[PDB]
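**Q** Coordinates for the following, if possible.
(6 chains)
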Amino acid sequence: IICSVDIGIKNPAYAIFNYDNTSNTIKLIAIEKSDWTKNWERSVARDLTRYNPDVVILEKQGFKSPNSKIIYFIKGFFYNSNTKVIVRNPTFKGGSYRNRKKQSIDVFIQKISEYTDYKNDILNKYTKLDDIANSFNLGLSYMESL
Amino acid sequence: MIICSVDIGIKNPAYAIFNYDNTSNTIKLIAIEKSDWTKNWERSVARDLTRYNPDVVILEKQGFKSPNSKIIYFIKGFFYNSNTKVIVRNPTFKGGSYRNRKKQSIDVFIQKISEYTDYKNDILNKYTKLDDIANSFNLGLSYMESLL
Amino acid sequence: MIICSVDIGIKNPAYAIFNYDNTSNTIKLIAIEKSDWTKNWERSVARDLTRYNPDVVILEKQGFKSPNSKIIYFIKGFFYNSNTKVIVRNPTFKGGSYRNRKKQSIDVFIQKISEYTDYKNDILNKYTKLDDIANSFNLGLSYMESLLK
Amino acid sequence: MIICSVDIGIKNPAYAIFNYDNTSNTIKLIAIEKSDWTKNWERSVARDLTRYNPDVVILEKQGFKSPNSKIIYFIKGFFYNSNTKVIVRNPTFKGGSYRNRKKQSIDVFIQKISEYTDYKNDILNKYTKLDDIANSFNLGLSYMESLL
DNA sequence: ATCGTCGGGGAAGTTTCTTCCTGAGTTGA
DNA sequence: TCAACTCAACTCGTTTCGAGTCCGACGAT
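**A** Numbers count the residues shown, from 1 in each chain, chains lettered A, B, ... in the order given. Next comes the structure:
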């Protein structure tokens, strides 16, 4: 069970998948944009223990945002536990910054439907800038490169 | 009631382990040591903090610009959902910048150690670089003073 | 009366040396000089002020939040021995903006020097900044004008 | 040589006049007084300093917060001519508490006052207050120890 | 003194300002 | 990590990493 997280005080988001390795049996369990402003450490632990994951995928950031403190908190929380937290270098923000639309809507409209069967169920009531894109793209890139 | 107060730092981290007798207000020094968190610092932090299975972990607050902050949240996440509360206390000595901070720390240490360990000479004779174990001891003792 | 009026300051101190006739009430400008007190100011003050051993030394009142006050009190102690009266006058040019003092000072200086030196041009060329020698000249001349009563 | 140590202040200035026998290290206290510099402080200062013709005058350095600095520079200009060495020493007891600054001062005072005058009758019966003449005497004695 | 505004290290000698020297961030390799 | 370079207050949640406060210097009356 794979859990990919877009970290940030802006709009944190997480996606929970189950991927059968090398078998191309992808199952999307959930995708959500949460809020980590009220009791953020308690809220982070509560959101991470919902569907106890085996791997957590994060985007590495510099000093740009306090979201790094969430990265180190997550590393400490799941350290001895069975899960393994891995922080991937930022693909995101390479050269230009006006390249979201293409990859976001393309990968969504192409690949969300075959895994959850609730494509438009989330589309009709979710709309945000750079949370579902970062989280889903990190998770899907890890799974495709897996 | 096992107290573990830590002076944080990647180069010279230090920790003091006290025993506070509940309802008796009895301070008994269990141990005081310093370690190194250079190679795979997460393993070293976890081991040094779980060494004596404490009930409270005391850390000293740093500003928003230091690697010591990264250790703070790792420890907070590590001991979260446990019967071991990590608390981040303000800097005990917050007066003089350099000449008063370290010297006042090691002075109050050398003066207040005698009533707690009964092994004063053996600890003073080893290190001679006291300004980390001194900070940890002062942090722990300040937390205990704030207990009553 | 050999009179020495001083515009005080570490960076560019200045002084004007006059001769005042006691029974004629006539002004005579002897000299006007800039100096430097940026290094060893007590030695420099003692040297520059005793250069033309005066009978009166006039200083301009300074506030307490300036090094000119310590120079004032050093001079007070120095000449408190004999033969030299140190007198501290209120700033002659007073009021309005601070820069209005400088321009008014150098203006009255430029327009009133000709009647005293006959070497007006040598002073305008050497030491082009005029806002210290003006202060010293105006201080001395104001004291001597206030001497009649 | 005749040594004159001054506790400066418009509040209650004080001075101690010692006589040091040259090459014998014999300290003899000539006088101790609490003067007043209220009206025409320059005249009063000059009178009090020229009362006993000294060879050195010892002052305690002050911060630029009080007219005592103007008195210091007045003294420097006054004795600058010749014959005198005005020395401005920092306040001797540069340590511990401020409330203990007077305690140790008057302690060293009461410790060493008896051995210097041999006419301590009028002086013992004279005054019930110390916290100015004590400071002046301690400054003077510190210079006397720093003399050899 | 008094209201508005600003900066926030220590020690010693060239002394009440200047000239240093600390010892911790912080920053690119 | 690490070695050169730059530069000095505290501090509380401000639902606990950054935006808030406090306390002595100047400037101009």
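
**Q** Check the gap between residue A:106 and chain C for me.
**A** Remark: distance between residue A:106 and chain C (Cβ to the nearest Cβ, to the nearest Å) = 68 Å. (C-beta placed from N, C-alpha, C; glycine too.)

**Q** now do residue A:43
**A** 55 Å.

**Q** Likewise for residue A:48?
**A** Distance from residue A:48 to chain C, by Cβ to the nearest Cβ: 61 Å.

**Q** do residue A:119 as well
**A** 74 Å.

**Q** How many residues are close by the closest residue to that residue other than its chain neighbours?
**A** Spatially, and ignoring its direct neighbours in sequence, residue A:119 is nearest to residue A:113 (4.2 Å; Cβ to Cβ, 6 or more residues apart in numbering or on different chains). Residue A:113 has 13 neighbouring residues, counting by other Cβ atoms under 10 Å in any protein chain shown.

**Q** Could you list the residues of chain A in contact with DNA strand F?
**A** Residues of chain A lying close to DNA strand F by Cβ under 7 Å from any atom of the strand are A:38, A:39, A:40, A:41, A:65, A:66, A:68, A:69.

**Q** How about residue A:141: what's its closest non-neighbour residue?
**A** residue A:91 (7.2 Å).

**Q** returning to what we had before: among the residues of chain A next to DNA strand F, give me the pair with the biggest separation.
**A** A:38 and A:68 (19.9 Å; Cβ to Cβ).

**Q** Looking at those two, which one has more neighbours?
**A** residue A:68 (19 against 7).

**Q** Surely that one touches residue A:61?
**A** Yes. Counting by Cβ atoms under 8 Å, residue A:61 is a contact partner of residue A:68 at 5.8 Å.

**Q** Contacts made by stretch A:48-61 with the rest, please.
**A** Under the contact criterion Cβ atoms under 8 Å, 6 or more residues apart in numbering or on different chains, stretch A:48-61 has outside partners A:1-7, A:14, A:16, A:29-30, A:67-68, A:71, A:74, A:77-78, A:82-90, A:92, A:134, A:138-139, A:142.

**Q** give me the subset of those touching chain D.
**A** By Cβ under 8 Å from any Cβ of the partner chain, no member of the contacts of stretch A:48-61 lies near chain D.

**Q** does residue A:121 count as helix, strand or coil?
**A** helix (DSSP: H, G, I helix; E, B strand; the rest coil).

**Q** How much space separates it from chain C?
**A** 74 Å.

**Q** Give me the nearest residue to residue A:33, chain neighbours excluded.
**A** Using Cβ to Cβ, 6+ apart, the closest residue to residue A:33 is residue A:13 (4.4 Å).

**Q** what's the answer for residue A:89, then?
**A** residue A:60 (5.4 Å).

**Q** what's the neighbour count on that neighbour?
**A** If we define neighbours as other Cβ under 10 Å, then residue A:60 has 12 of them.

**Q** What lies in contact with the helix or strand hosting residue A:138?
**A** Assessed by DSSP states H and E, residue A:138 sits inside helix A:132-144. Contacting residues not belonging to helix A:132-144 are listed as A:2-6, A:13-15, A:17, A:19, A:26, A:31, A:33, A:55, A:57-59, A:88, A:91-92, A:100, A:103-104, A:107-108, A:111-112, A:126 [Cβ under 8 Å, 6+ apart].

**Q** burial count for the residue of chain A found nearest chain C?
**A** Of all residues in chain A, residue A:63 sits closest to chain C, at 42.3 Å by Cβ to the nearest Cβ. Residue A:63: 8 surrounding residues under other Cβ under 10 Å.

**Q** coming back round to it: please pick the buried ones from the contacts of stretch A:48-61.
**A** Neighbour counting by 16 or more other Cβ atoms under 10 Å in any protein chain shown classes A:2-7, A:14, A:16, A:29, A:67-68, A:71, A:74, A:77-78, A:83, A:85, A:87, A:92, A:134, A:138-139, A:142 among these as buried.

**Q** so how far is residue B:76 from the closest residue to chain B within chain A?
**A** Using Cβ to the nearest Cβ, residue A:76 is the residue of chain A that sits closest to chain B, at 3.0 Å. Distance, residue A:76 to residue B:76, using Cβ to Cβ, to the nearest Å: 7 Å.

**Q** Give the helix, strand or coil label for residue A:22.
**A** Per three-state DSSP, residue A:22 ends up coil.

**Q** which residue sits closest to it, ignoring its sequence neighbours?
**A** residue A:146 (7.8 Å).

**Q** show me the contacts for the one you found.
**A** Residue A:146 sits in contact with A:19, A:21, A:22, where contact means Cβ under 8 Å, 6+ apart.

**Q** again, but for residue A:32
**A** Per Cβ under 8 Å, 6+ apart, neighbours of residue A:32: A:13, A:14, A:15, A:47.

**Q** let's see it at 6 Å
**A** Counting by Cβ atoms under 6 Å, 6 or more residues apart in numbering or on different chains, residue A:32 makes contact with nothing.

**Q** Just want the phi and psi numbers for it.
**A** Here is the backbone geometry of residue A:32 (degrees, to the nearest 10): phi -140, psi 150.

**Q** Near chain B, which residues of chain A are found?
**A** Taking Cβ under 6 Å from any Cβ of the partner chain, the part of chain A that reaches chain B is made up of A:69, A:72, A:73, A:76, A:77.

**Q** Check for me that the second one belongs to a helix.
**A** In other words, residue A:72. Yes. Counting by three-state DSSP, residue A:72 falls inside a helix.

**Q** Can you give me the neighbour number for it?
**A** 21.

**Q** With adjacent residues omitted, what lies nearest to it?
**A** Using Cβ to Cβ, 6+ apart, the closest residue to residue A:72 is residue B:73 (4.4 Å).

**Q** May I see the buried residues of stretch A:28-48?
**A** Neighbour-count burial for stretch A:28-48 [16+ other Cβ under 10 Å]: A:28, A:29, A:31, A:32, A:34, A:36, A:40, A:41, A:44, A:45, A:47, A:48.

**Q** If the fourth one is in a bridge, with which residues?
**A** This points to residue A:32. residue A:14 (DSSP bridges).

**Q** okay, now residue A:54: neighbour count?
**A** Residue A:54 is flanked by 13 other residues according to other Cβ under 10 Å.

**Q** Phi and psi next, for it.
**A** In terms of degrees, to the nearest 10, the main-chain angles of residue A:54 are phi -100, psi -30.

**Q** from the middle of its chain, how far away would stretch A:38-55 be?
**A** 13 Å (Cα atoms, centre = their mean, to the nearest Å).

**Q** same deal with stretch A:30-48?
**A** Distance, centroid of stretch A:30-48 to centroid of chain: 12 Å (Cα atoms, centre = their mean).

**Q** try stretch A:81-99
**A** For stretch A:81-99 - counting by Cα atoms, centre = their mean - the centre lies 10 Å from the chain centre.

**Q** Can I get stretch A:32-42 as CSV, trimmed to CA atoms?
**A** C-alpha atoms of stretch A:32-42 as CSV (Å, rounded to 0.1, in the frame of the first residue of the first chain):
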residue,chain,number,x,y,z
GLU,A,32,-7.9,13.8,-0.6
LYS,A,33,-6.8,17.4,0.1
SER,A,34,-6.6,17.8,3.8
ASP,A,35,-5.9,20.8,6.1
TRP,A,36,-2.9,20.9,8.4
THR,A,37,-3.3,24.3,10.2
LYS,A,38,-5.2,23.2,13.3
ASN,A,39,-3.2,20.8,15.5
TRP,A,40,-1.0,20.1,12.5
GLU,A,41,1.0,17.3,14.1
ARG,A,42,-2.1,15.6,15.5
